[PDB]
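Novice: Just passing along the structure, written as structure tokens.
Here the Cβ positions follow ideal geometry from the backbone for every residue, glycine too, while neighbour counts run over all protein chains shown. Read-outs throughout are calculated quantities, based only on the coordinates presented, and are distinct from any laboratory measurement.
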There are 2 protein chains.
Amino acid sequence: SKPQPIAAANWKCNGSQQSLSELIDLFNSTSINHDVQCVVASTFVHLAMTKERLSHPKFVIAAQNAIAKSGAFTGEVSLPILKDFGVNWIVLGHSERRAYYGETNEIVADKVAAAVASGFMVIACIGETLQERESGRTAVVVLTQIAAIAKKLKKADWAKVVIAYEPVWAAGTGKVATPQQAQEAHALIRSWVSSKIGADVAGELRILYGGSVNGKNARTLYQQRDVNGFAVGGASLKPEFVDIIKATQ
Amino acid sequence: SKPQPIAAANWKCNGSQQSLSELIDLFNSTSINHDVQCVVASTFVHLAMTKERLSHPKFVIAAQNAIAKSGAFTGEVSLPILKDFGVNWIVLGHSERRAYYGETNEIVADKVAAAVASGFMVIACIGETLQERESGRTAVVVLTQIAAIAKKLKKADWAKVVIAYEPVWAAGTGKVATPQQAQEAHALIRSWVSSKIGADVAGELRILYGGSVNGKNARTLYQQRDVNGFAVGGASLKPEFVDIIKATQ
């Protein structure tokens, strides 16, 4: 049986004061009857208004990135600043940061370990590109990603870790992942965790699907054996995120 | 003589809610008798708090970085988000972003042009490393950096632009810039702007000193013909920043 599901909203680099206020108001008025942890990952600029306006008992707030420590890093936000700011969840290693902003397997791993050490809950992202998948390298690429993370964690740290699998290979390329393709990837990840870190860790670990999800396909995805929720992109800026939440029943 | 001076506080990746609150209170309580534009560049997280609490009429708020466009750039903040948030000043091209976060001369130039196009006042940072200076390339590097920015600007855009010269060769290297070395760098920049953009633009341009300062040497630095103020790092998290403001009278 599954651990507690998670419905995470990755707003990415998006939003206005008005549009996210209206979104938060919808979230606040939504009845959620089952046990699910909901997460809103806003831009740094919008954390203050999200802290103030978001009140639903099943929602927490997350950052989309950080660096490990404060100092002479103009433009960046550190873990201690987020902690001082009351933000205790964080998304790390997003495919966009791996692609655009120099985050190697090892850089992601150090950020994840630093965030767990500071007391964060971490949604750590992995996932293979279209070249990697077609070339038959899905397993080695995705499991190398998570192994790099695992090499920097104690067994106890996995209690604070959530995995989001991003099927980068489908996004923007014109592909759409089937629930069986998603389940195949999640089962591969969980089997590696079971073998290399422990069956007990693997049974408790939440693995979120991070491809394109809507209110329709989310229920069918969550029915799969190794899907513990969603790390949602574009749909999390829209009212249908509510239906994605309800799909984790 | 000189155009209006600027005293900018680059807080870099630093600050708690309490410690920055106490700093803003000090700024709010400071009497500033001369014409100077003071600027507070906080982390993205602290922008809301600074907007609410900063009240001194000679102060504005700035961001430390941005990307040009909203979209699928997890972890980043865009210029439309900052503009929507009421932030109208921005530091771009800081040496730490050029070193750590992939910002080439061209990437800095594109960010500066996008910010100028969006209405921002921009503090665009240039300056050479110790290795560049020691190999005799101070002038080549500084002029290459500003030429790349100028390439993406029209003459009228310079009204929105401020240049900050960072003696990166003196940033934790063991070296210390003298006022004569700063002035030579500032004069070189002025000379290029006058010859390539216009003598009118050059006379109106603010070229800020972005190396280490205290009250005493800031007063000496402001005596130099081509220094129009300061883009301060570590002193700007301290009460001493008020003495740097005073050094521009």
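Novice: Has the range B:203-216 got any residue that is out of contact with any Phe, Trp or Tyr (no Cβ under 6 Å at 6 or more places or on another chain), under 20 Å from B:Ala124 (Cα atoms), assigned to a loop (DSSP other than H, G, I, E, B) and of a type in the set (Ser, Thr, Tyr)?
Specialist: Yes, the range B:203-216 has at least one match.
Novice: Go through the range B:1-10 and count every residue that is in contact with a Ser or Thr (Cβ under 7 Å, 6 or more places away or on another chain) and either more than 9 Å from chain A (Cβ to nearest Cβ) or hydroxyl-bearing (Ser, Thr, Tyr) (or both).
Specialist: Residues flagged as in contact with a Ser or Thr (Cβ under 7 Å, 6 or more places away or on another chain) and either more than 9 Å from chain A (Cβ to nearest Cβ) or hydroxyl-bearing (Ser, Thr, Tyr) (or both) within the range B:1-10 amount to 3.
Novice: Among residues belonging to the range A:31-53 that are within 19 Å of the chain's Cα centre (by Cα) and in a loop (DSSP other than H, G, I, E, B), point out the one that is nearest to the other protein chains (Cβ to nearest Cβ).
Specialist: A:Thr43
Novice: So how many residues does the range B:93-103 have that are part of a helix (DSSP H, G or I) and surrounded by fewer than 18 Cβ atoms within 10 Å (Cβ to Cβ)?
Specialist: Total satisfying the criteria: 2.
Novice: Has the range A:100-119 got any residue that is in contact with a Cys (Cβ under 7 Å, 6 or more places away or on another chain) and either in contact (Cβ under 8 Å) with a residue 12 or more places away in the chain or within 30 Å of B:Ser19 (Cα to Cα) (or both)?
Specialist: No; the residues of the range A:100-119 include none that is in contact with a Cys (Cβ under 7 Å, 6 or more places away or on another chain) and either in contact (Cβ under 8 Å) with a residue 12 or more places away in the chain or within 30 Å of B:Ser19 (Cα to Cα) (or both).
Novice: A further question on this structure: Across the range B:217-244, what is the number of residues that are aromatic (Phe, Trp, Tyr), in contact with a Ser or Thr (Cβ under 9 Å, 6 or more places away or on another chain) and part of a helix (DSSP H, G or I)?
Specialist: 1
Novice: Further question: So, in the range B:161-199, exactly how many residues are closer than 30 Å to B:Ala117 by Cα, in contact (Cβ under 8 Å) with a residue 24 or more places away in the chain and hydroxyl-bearing (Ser, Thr, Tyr)?
Specialist: Looking only at that region, the number is 1.
Novice: Kindly indicate which of B:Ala202, B:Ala164, B:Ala147, B:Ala231 is in contact with an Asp or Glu (Cβ under 8 Å, 6 or more places away or on another chain) and of a type in the set (A, V, I, L, M, F, W, C).
Specialist: B:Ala231
Novice: Can you tell me which residues in the range B:139-171 are in a loop (DSSP other than H, G, I, E, B) and surrounded by fewer than 19 Cβ atoms within 10 Å (Cβ to Cβ)?
Specialist: Result: B:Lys152, B:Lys154.
Novice: While we're here: For the range B:104-131, enumerate the residues that are surrounded by fewer than 17 Cβ atoms within 10 Å (Cβ to Cβ) and farther than 22 Å from B:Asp84 by Cβ.
Specialist: Those that are surrounded by fewer than 17 Cβ atoms within 10 Å (Cβ to Cβ) and farther than 22 Å from B:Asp84 by Cβ: B:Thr104, B:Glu106, B:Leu130, B:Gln131.
Novice: For the range A:22-43, enumerate the residues that are surrounded by fewer than 16 Cβ atoms within 10 Å (Cβ to Cβ) and either of a type in the set (A, V, I, L, M) or under 24 Å from B:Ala68 (Cα atoms) (or both).
Specialist: A:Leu26
Novice: I need the full set of residues from the range A:109-138 which are over 21 Å from A:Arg97 (Cα atoms) and in a helix (DSSP H, G or I), in order please.
Specialist: A:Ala117, A:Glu134
Novice: Residue by residue through the range A:11-30, note down the ones that are in contact (Cβ under 8 Å) with a residue 40 or more places away in the chain and away from chain B (no Cβ under 12 Å).
Specialist: A:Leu23, A:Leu26, A:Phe27, A:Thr30
Novice: With the requirement that a residue be over 19 Å from A:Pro3 (Cβ atoms) and of a type in the set (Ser, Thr, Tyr), what does the range A:196-222 give you?
Specialist: A:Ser212, A:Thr220
Novice: While we're here: Please go through the range A:54-92 and give me each residue that is buried (at least 21 other Cβ atoms within 10 Å of the Cβ), facing another protein chain (nearest Cβ under 10 Å) and either of a type in the set (S, T, N, Q) or part of a helix (DSSP H, G or I) (or both), ordered by number.
Specialist: A:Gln64, A:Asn65, A:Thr74, A:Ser78, A:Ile81, A:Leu82
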